[PDB]
Structure formats: structure tokens, C-alpha cells
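Proteins get letters first, then strands, A, B, ... in listed order; numbering begins at 1 in each. When reading the values below, keep in mind they use all heavy atoms of this one structure, side chains included, and skip hydrogens, waters and symmetry mates.
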Amino acid sequence: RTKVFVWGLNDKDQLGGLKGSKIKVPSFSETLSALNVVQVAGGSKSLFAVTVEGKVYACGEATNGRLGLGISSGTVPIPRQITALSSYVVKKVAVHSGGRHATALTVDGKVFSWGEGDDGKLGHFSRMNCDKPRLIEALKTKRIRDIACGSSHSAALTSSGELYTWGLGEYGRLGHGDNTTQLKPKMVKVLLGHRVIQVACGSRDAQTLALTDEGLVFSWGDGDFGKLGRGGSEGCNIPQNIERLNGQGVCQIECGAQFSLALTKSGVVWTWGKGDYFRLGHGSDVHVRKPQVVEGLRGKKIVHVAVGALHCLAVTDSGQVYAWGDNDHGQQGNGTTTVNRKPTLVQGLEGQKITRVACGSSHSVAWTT
Amino acid sequence: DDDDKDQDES
């Protein structure tokens, strides 16, 4: 049995069945707890749930076909099954906190995409929206082990460790040495010879992050606010090693809105990028142009992290959830709409051994296993 | 206004 708790913005019912638009305290989700979830993922005013059974459920704003339910205009107030995938066992849904398209990865390695088609980010050689999931044919001969989506581009990595990117080319986020939009998955040739094991994608003028099995972190794309982590603000269209993180044992990477986050095997959280509204967790709202340890979590072993647009969640090994960043809609879970300038214990979860967290644009999720 | 902030449409 997996208990799921949700909070934050709920104007399009992206929290799946609660009353009120600003849920300021984590709230037990009856609908999502009943599904037996292995993953919850949050997009722009949207929530997706992958179950142990391998089904996918979606709720929230339906505009641009972002929920994959065969519609494109209203809201879906209660989690509904994406019945287009009911013949598959889905392992993971990838969606950006500010995104309107998503991908799903099956246990047998197939990738499906749906939602907003702009700039080719769905990977079907076109810019057309897909109101329902569609198999990415270009990946059919490839055994995908992981997926990620930004707001304007997408990525996938093979079991052998090759990285593919597609979607909007502008500002170098795809990593192919130019700024050209790619309407179909394209291998990142620079990283051949590294086994890439994880990738994260940003939004708007976006960065991309990748992690190798040697613990090397690479970044490319838009340079604004230092979110590439090599100082200053210059973008690049070629993957570059973030030297600061070498030897740190990074095991998880994420991209929020204009910022980047890494978690290490020893439990340390690093953040860098745009500082506005305290999304970085360092206590001030200044930008940070090379990775810096989140000092407010020092001595707390973090085992999982999630980023929204302007907020972050981190889970300790004892099941406690810390949040920092913006709180216009209650997504900090501190009972108010006051920003958390430093990581702050979320209320309402004591006795719930949280194992994983998730965020969407302005909303937050915690669940047990 | 931050471009990545949601508006509460309720």
C-alpha cells in the first residue's frame, strides 16, 4: 500500500480531488493512494502517476493535450487512466515542472510521447501535438533505460549509455554542436565513450545535464544565471564537464526553472543557477554560477530530491521532507504562503515514512513505499 | 513578474 500526499496549487485540480486552490499543508490523496504508485510526476498544472501494475493516470489542466487522455481543452479533476497505454507496462513518466508534453518508458524499453508538439519535442519528425501517447518510432530498435523532458526538448538514454536529444535547438540545449532544431531523436556524439546514466532537461531558455557512471556531470545549453555551473553566463552547444562536481559521487540530477540541482550518494545537495524567490536554498536570492552545497541540509542524509519551477523537496533517510523556495500557492507545505529561504521541515507528515518526492510547476507530492 | 510563476486561475 503506498500513501500519497499532495499540496500546492490546485486551480485546475492538478492535486487530483481536493477542495481549495492553495493547499498549504500536505494532504492525504485518497485517489492516488488507492493506485499503488511507483512514481508520481508533475508538469505544468498536471500530475501523472505510474502504478505497480504499469498503468498511468493523469489529472489537472488538459490544454495542449498535455495529459495524454485524448482531449485538449478542459481539466481532469480526478486521476484518469491513459488507456492508450493499457497494453504496456510503463516504468516511468518524464515531464518537466514547466512542461506541456511528456514521455513514458515501458519495462521492455519502448518510449511513447504526447502533448504539445512544438519544436519537435515529441520526436515524430513533426511539430504536431499528440492528444494521446504515440510510439517514438526512431527509438524502436534501441533499448531505452531512462528518459527526461524539458519544456521544449526531450532526451532518452540507452542501456549501453548513449544519449539522444531532440526538440528545440535554440541556445544549444540539444548538445550537437549547433543550434538546429531536431524533430527526431539524435545521438549526442560528444559523449560517446562515456556511459551516460542520467539526464535532466530545463525549461524556457534551457540547460541540459547528464551524469555518467564515473560520476561525471556534463552541462550544455543556455548559460543565463550560471545554471550550467561553470561561472558567468555563456551558453554552449557542446557538453562540458562541470569540474566542481567531479569526485563528489553525484547520483541524481534535476533541472527546475532556470536552475540545476545534484544529489550525491553520501546525501549532499548542490544547487546553482537563478536565485530569484529563493529556489536555490542558500538563504539569499542571489544567483549562484557554480555548484554550491545546500548548507541548510548539512548532516541530513538526503535520499531523494525533486524540483518544481521555483521550489525543491528533499527526503531524509528517516523519512522527513524538507522544502525551500517560493510559496505563492502553498507548495512549501509550511501552512502559509511565506517563502522558505532555507530548507524547512514540511508539516503534516510525521509518522509517514516518506521515501520519494515529486513536484510540478507550483505543486508538491510525497509518498511512502 | 517571474515568467515561471503560475497564476492561481480560481
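The salt bridge (charged side-chain N to carboxylate O under 4.0 Å, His left out) pairs that include a residue from residues 277-289 of chain A are A/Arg279-B/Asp2, where partners are two or more places apart or lie in different chains.
To the nearest 0.5 Å, atom NZ of residue B/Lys5 and atom CG of residue A/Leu9 are 12.0 Å apart. Taken to the nearest 0.5 Å, the CG atom of B/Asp3 stands 9.5 Å off from the CG atom of A/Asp205. Between A/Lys12 atom NZ and B/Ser10 atom OG the span is 8.5 Å, to the nearest 0.5 Å.
Among A/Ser21, A/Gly308, A/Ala257, A/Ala309, the residue making the largest number of heavy-atom pairs under 4.5 Å with chain B is A/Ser21. Most heavy-atom pairs under 4.5 Å with chain B: of the set A/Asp11, A/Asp276, A/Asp328, this distinction falls to A/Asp11.
More than 12 heavy-atom neighbours from other residues, nucleotides or ligands sit within 6.0 angstrom of CZ on A/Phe278. More than 12 heavy atoms of other shown residues, nucleotides or ligands fall within 6.0 angstrom of atom CD in B/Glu9.
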Name each donor-acceptor pair under 3.5 Å that joins a side chain in residues 358-365 of chain A to protein atoms two or more places apart or in another chain, with its distance.
residue, atom, partner, partner atom, Å
A/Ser361, OG, A/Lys45, N, 3.0
A/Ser361, OG, B/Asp6, OD2, 2.6
A/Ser362, OG, B/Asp6, OD2, 3.1
A/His363, NE2, A/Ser46, O, 2.9
A/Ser364, OG, A/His311, NE2, 3.0
A/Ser364, OG, A/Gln331, O, 2.8

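Using a 4.5 Å cut-off between heavy atoms, A/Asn10 does not touch chain B at all.
The pair B/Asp4-A/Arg204 meets the salt-bridge criterion, since a charged nitrogen lies less than 4.0 angstrom from a carboxylate oxygen.
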